[PDB]
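Undergrad: This one is an experimental structure. Sequence first:
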2 protein chains.
Amino acid sequence: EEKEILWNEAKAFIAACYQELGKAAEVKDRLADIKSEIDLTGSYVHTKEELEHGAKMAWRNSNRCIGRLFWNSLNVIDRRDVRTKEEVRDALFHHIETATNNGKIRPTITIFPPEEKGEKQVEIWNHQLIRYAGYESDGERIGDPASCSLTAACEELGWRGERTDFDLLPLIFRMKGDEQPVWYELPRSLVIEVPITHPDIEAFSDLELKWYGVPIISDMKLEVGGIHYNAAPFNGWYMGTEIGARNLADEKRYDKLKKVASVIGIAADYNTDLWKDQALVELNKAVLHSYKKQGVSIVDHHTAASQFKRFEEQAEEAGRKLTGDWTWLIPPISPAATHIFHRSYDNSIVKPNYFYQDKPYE
Amino acid sequence: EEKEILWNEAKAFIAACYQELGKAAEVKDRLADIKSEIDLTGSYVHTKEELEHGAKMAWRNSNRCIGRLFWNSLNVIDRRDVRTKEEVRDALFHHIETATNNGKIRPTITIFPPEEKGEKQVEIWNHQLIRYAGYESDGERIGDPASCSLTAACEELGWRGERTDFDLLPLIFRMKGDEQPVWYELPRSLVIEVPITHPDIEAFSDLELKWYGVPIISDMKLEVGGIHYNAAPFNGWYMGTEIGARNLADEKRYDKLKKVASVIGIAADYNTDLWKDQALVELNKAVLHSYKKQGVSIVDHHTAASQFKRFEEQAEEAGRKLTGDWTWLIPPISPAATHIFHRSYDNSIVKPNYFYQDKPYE
Ligand code: HEM
Ligand code: HEM
Ligand SMILES: CNCCN(c1cc(F)cc(CCc2cc(C)cc(N)n2)c1)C1CC1
Ligand SMILES: CNCCN(c1cc(F)cc(CCc2cc(C)cc(N)n2)c1)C1CC1
Ligand SMILES: C[C@H](O)[C@H](O)[C@H]1CNc2nc(N)[nH]c(=O)c2N1
Ligand SMILES: C[C@H](O)[C@H](O)[C@H]1CNc2nc(N)[nH]c(=O)c2N1
Ligand SMILES: [Cl-]
Ligand SMILES: [Cl-]
């Protein structure tokens, strides 16, 4: 059954990929080559062109992503050659450096060897390559609560966090054949962070907020033509609301709205004053301003939605069906001010794509 | 087939209704009475208790409505006795007066005779009993564009609007056996309106905005136990975002955000300044403040979501499944600041309920 699944997914992907690449005449010989290889080995190996276009197709098919206009300019780094933990570490360090690009962020993906028989070659524990630790003990909350379980797991492995609100988690990953993951501290010279200030309100710096420059999702599986790349971290640049309306605002994240209300000089006493809404707007203005001031790439939700409209137009003009998840595409502030809110989207799953996978901790 | 549908819907409704009313022992005799009546007449007539509880169940089952905590206090007016257009008009006038209640709004529904064989007895053309006209001619937009088609239809019937931005449409409805609907001008003494001012910004009155006090949906069908009440206007009170984030803000409605930005003294030049978001917040604060200042009922979206949380808790505690439409329940500003955004809802249709029906104009 498993080989049949592979072959069926392979046929569909190669035909579509080669069609898009104007290589339709080569489909038949490639398909034969693949079928023999599956028969003889139980799997097949993508060409570099297939891997690159496959990762791009996967982004294009990601229903929850508003940033898809730029799918075809993804920078794909082929690291299927890695065999050691030092090579994985250096490849992750390199991804951070080249994606960051001194603040002019390059959307990038680094692709490690795929699963063989469901057996992972490299298993990354981090949710993002750069993220803050979280602690909870005796009523005391420190840092990012979303990171509490991973932080606890790291501290089982001999790591110890300083317990500031912004401790950088180490990289943590496991190699096939090892019982435990290894961890490596991130070189601070690689990690750009942005202090949050406000364009008009000088007191906003009293909150001492900051966030990291580049969000690099490292716990999703890339699936391309039946091949499962469980380790394939990728990044774009932030849309401001991710930081200002969620990471810093959610009650189960940094929960800063009451403190924001106080520094911008408004009462946080009555629902009818809409103080949470006003605080959200000012915090989100501050996030956009601060990233821009430091020369780190970011996009606001209005510009992002306009770009997504162009993605919709491009899909239709190219004759491709559009898929999307309305509930994730609408931004968490002023959604009705974007065109997304006022139309609907087919939430069907098309492959290649990025998928959730079970955590190895928890 | 049609009688069978009726009987099946009747069985399900009476059992559930009588169960809720602690009248379970009476279900069998009532069901027999109904079955004979369907056989002999092709239909059946609800008791006043059934009609009242049915309309309440229908509200409770309305997936898109955040205001459902108060379903059991709906004021149900039984007007199945009306036979003339003067009686319908006076009943609609009365609904406005008693629902308005000098500003302390009473959630109310007036129920007219139901369809007989799909044949309507009374056909209401208005979308809401109180709404503003809209005009579009030679590049000139006046009033509410959502009302353009109904306004044009009214002006076919001898009505003429003054062409202010806030012309009250007349009541317009058709009686069984008449080819054309009739129209009646609304007595202004019945219609409460609220001028929009801002708590801190004196210039906000320069926009000369206003809105009407009571939203009274008059074009939906109430279905109860297989009986189709196509004419059954109902109202609650406004949630502020309906007015400030949509009616006055949508580009295809009153489109006031640029003017709002100007009176609150901010530039409307750069997406990254989040001027639309800031304008939305101030306009929404102004709407809440103005309704409160005038003593007209209104609820903010935070309080409304908290009430909806209690509705969820009440449903579970009563052993009823909860249904809801996430895409309509989330408010259009700061949705991620409400609990609704962070959970999911089963969007299944349960009856009794309120349904869309085809417009008689357009
Ligand atoms: C270029 C800049 C990009 C922007 C501004 C952007 C924007 C976003 C945003 C706002 C989300 C919602 C995430 C959340 O709320 O947690 C998202 C989800 C997503 N994006 Fe993008 N994105 C970008 C690039 C990329 C790239 C390069 C990839 C992959 C190659 C990608 C794949 C995804 C996926 C898979 C999700 C949803 C995953 C999930 O279900 O949690 N995006 N994107
Ligand atoms: C008591 C105050 C009430 C509040 C604050 C409230 C709130 C809301 C809101 C905000 C919406 C979204 C509508 C839109 O965006 O256009 C809505 C939809 C709805 N409400 Fe309520 N509501 C209330 C009372 C009622 C009552 C009394 C009924 C019926 C007896 C009702 C039935 C509905 C229905 C059927 C819809 C959706 C109709 C559609 O699909 O367009 N509501 N409600
Ligand atoms: C938190 N719930 C979703 C979890 N999650 C996530 C995935 C993304 F692709 C993207 C994000 C948001 C971060 C992000 C990622 C990228 C690539 C760009 C961008 N602007 N923002 C989260 C990974 C699956 C576990
Ligand atoms: C505009 N698109 C939906 C159209 N629509 C509508 C229905 C409602 F029940 C409610 C509303 C919103 C007005 C409303 C109605 C009530 C009863 C309370 C409240 N706070 N607000 C609209 C009627 C079906 C045509
Ligand atoms: C396509 C989308 O479902 C549509 O624009 C909805 C979104 N959610 C909404 N929610 C409410 N409350 N009212 C609306 O009119 C809409 N419009
Ligand atoms: C239940 C609901 O779908 C869930 O809270 C979603 C809503 N939409 C979202 N949208 C984005 N972009 N990110 C999220 O984390 C969520 N959470
Ligand atoms: Cl993030
Ligand atoms: Cl309305």
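TA: Yep, that arrived. Numbers count the residues shown, from 1 in each chain, chains lettered A, B, ... in the order given. Ligands and ions are numbered 1, 2, ... in the order given.

Undergrad: make it CA atoms for all contacts and neighbour counts henceforth
TA: OK.

Undergrad: what about the residue of the stretch 201-350 of chain A found nearest ligand 1, how many residues close to it?
TA: The shortest separation between the stretch 201-350 of chain A and ligand 1 is 3.6 Å, found at residue A:236 (distances taken as CA to the nearest ligand atom). For residue A:236, the neighbour count with other CA atoms under 10 Å in any protein chain shown is 22.

Undergrad: For it, which residues are in contact?
TA: Under the criterion of CA atoms under 8 Å, 6 or more residues apart in numbering or on different chains, the neighbours of residue A:236 are A:105-108, A:214-216.

Undergrad: leaving aside the residues next to it on the chain, what's closest to residue A:173?
TA: residue A:124 (4.2 Å; CA to CA, 6 or more residues apart in numbering or on different chains).

Undergrad: in the stretch 201-350 of chain A, which spans are helices?
TA: Listed from the start of the chain, the stretch 201-350 of chain A has helices (DSSP state H, counting those that start in this stretch) covering A:240-241, A:257-263, A:275-294, A:301-317, A:326-329.

Undergrad: Turn the ones you listed into a markdown table, including distance to ligand 4 and mean neighbour count.
TA: As requested, the helices of the stretch 201-350 of chain A are exported to a markdown table (distance: least, CA to the nearest ligand atom, whole Å; neighbours: other CA atoms under 10 Å in any protein chain shown):
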| stretch | distance to ligand 4 | mean neighbour count |
| --- | --- | --- |
| helix A:240-241 | 27 | 24 |
| helix A:257-263 | 27 | 19 |
| helix A:275-294 | 20 | 24 |
| helix A:301-317 | 23 | 17 |
| helix A:326-329 | 18 | 18 |
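
Undergrad: Now those in TSV, please, with extra columns for distance to chain B.
TA: Formatted as TSV, the entries for the helices of the stretch 201-350 of chain A read as follows, by distance: least, CA to the nearest CA, whole Å:
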stretch	distance to chain B
helix A:240-241	9
helix A:257-263	10
helix A:275-294	6
helix A:301-317	6
helix A:326-329	7
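
Undergrad: Go through those and name the closest to ligand 5.
TA: Ranked by CA to the nearest ligand atom, the member of these that lies closest to ligand 5 is helix A:326-329, at 8.1 Å.

Undergrad: Which residues of the stretch 1-150 of chain A lie near ligand 1?
TA: For the stretch 1-150 of chain A, the residues in contact with ligand 1 (CA under 6 Å from any ligand atom) are A:59, A:62, A:64-67, A:107.

Undergrad: Show me which of the contacts of residue A:236 is closest to chain B.
TA: The shortest separation between chain B and any of those is 18.0 Å, and it belongs to residue A:105 (by CA to the nearest CA).

Undergrad: just checking, that closest one touches residue A:297?
TA: Yes: Residue A:105 sits in contact with residue A:297 when judged by CA atoms under 8 Å, with a separation of 5.8 Å.

Undergrad: which residues are common contacts for these two?
TA: Common neighbours of residue A:105 and residue A:297, counting by CA under 8 Å, 6+ apart, are residue A:237.

Undergrad: which of the contacts of residue A:236 count as buried?
TA: Applying 16 or more other CA atoms under 10 Å in any protein chain shown to the contacts of residue A:236, the neighbour count classes A:105-108, A:214-216 as buried.

Undergrad: With distance to residue A:142 added, can I get these in a markdown table?
TA: As requested, these are arranged in a markdown table below (distance: CA to CA, whole Å):
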| residue | distance to residue A:142 |
| --- | --- |
| A:105 | 29 |
| A:106 | 32 |
| A:107 | 31 |
| A:108 | 31 |
| A:214 | 22 |
| A:215 | 21 |
| A:216 | 22 |
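
Undergrad: tell me which residues in stretch A:114-131 are buried?
TA: A:114-115, A:120-131.

Undergrad: and the residue of the stretch 251-362 of chain A found nearest ligand 3, how many neighbours does it have?
TA: Of all residues in the stretch 251-362 of chain A, residue A:356 sits closest to ligand 3, with a separation of 5.5 Å (CA to the nearest ligand atom). Counted with other CA under 10 Å, the burial measure for residue A:356 works out to 10 neighbours.

Undergrad: My guess is it contacts residue A:219. True?
TA: Yes: under the criterion of CA under 8 Å, residue A:356 makes contact with residue A:219 at 7.5 Å.

Undergrad: dump the residue contacts of the residue nearest the centre of chain A.
TA: For chain A, the residue lying nearest the average C-alpha position, counting by CA atoms, centre = their mean, turns out to be residue A:217 (3.2 Å). Residues counted as contacts of residue A:217 (CA under 8 Å, 6+ apart) are A:127-129, A:233-235.

Undergrad: Okay, the residue in the stretch 251-362 of chain A that ligand 1 sits nearest to and ligand 5: tell me how far apart.
TA: Of the stretch 251-362 of chain A, the residue with the smallest distance to ligand 1, taken as CA to the nearest ligand atom, is residue A:354 at 5.2 Å. When distances are taken as CA to the nearest ligand atom, to the nearest Å, residue A:354 and ligand 5 turn out to be 25 Å apart.

Undergrad: Next: residue A:348.
TA: Here the criterion is CA to the nearest ligand atom. By it, residue A:348 lies 16 Å from ligand 5.

Undergrad: Give the full set of residues in contact with that residue.
TA: A:323-324.

Undergrad: how does it look with 6 Å?
TA: Residues in contact with residue A:348 (CA atoms under 6 Å, 6 or more residues apart in numbering or on different chains): none are found.

Undergrad: what's the answer for the one 4 residues further on, then?
TA: In this structure, residue A:352 makes contact with A:57-58, A:223-224, judged by CA under 6 Å, 6+ apart.

Undergrad: Which one of the residues you listed is nearest to ligand 6?
TA: The shortest separation between ligand 6 and any of these is 17.9 Å, and it belongs to residue A:58 (by CA to the nearest ligand atom).

Undergrad: Could you report the separation of the closest one from chain B?
TA: Distance check for residue A:58 against chain B: by CA to the nearest CA, to the nearest Å, it reads 26 Å.

Undergrad: neighbours around that residue, how many?
TA: Look at residue A:58: counted by other CA under 10 Å, it has 20 neighbours.

Undergrad: same check, this time on residue A:50
TA: The local packing of residue A:50 (other CA under 10 Å) involves 18 other residues.

Undergrad: what angle separates the one helix or strand it maps to from helix A:301-317?
TA: Using DSSP states H and E, the element containing residue A:50 is helix A:48-60. Orientation check (axes from the mean of the first three to the mean of the last three CA atoms, to 10 degrees): helix A:48-60 against helix A:301-317 gives 120 degrees.

Undergrad: what helices or strands is helix A:48-60 leaning on?
TA: Counting contacts by 3 or more CA pairs under 6 Å, 6 or more residues apart in numbering or on different chains; DSSP states H and E, helix A:48-60 packs against no other helix or strand.

Undergrad: and the residue lying closest to the residue nearest to the centre of chain A once chain neighbours are set aside, what is it in contact with?
TA: Nearest non-adjacent residue to residue A:217, counting by CA to CA, 6+ apart: residue A:128, 4.4 Å away. With contacts defined as CA under 6 Å, 6+ apart, residue A:128 is in contact with A:216-218.
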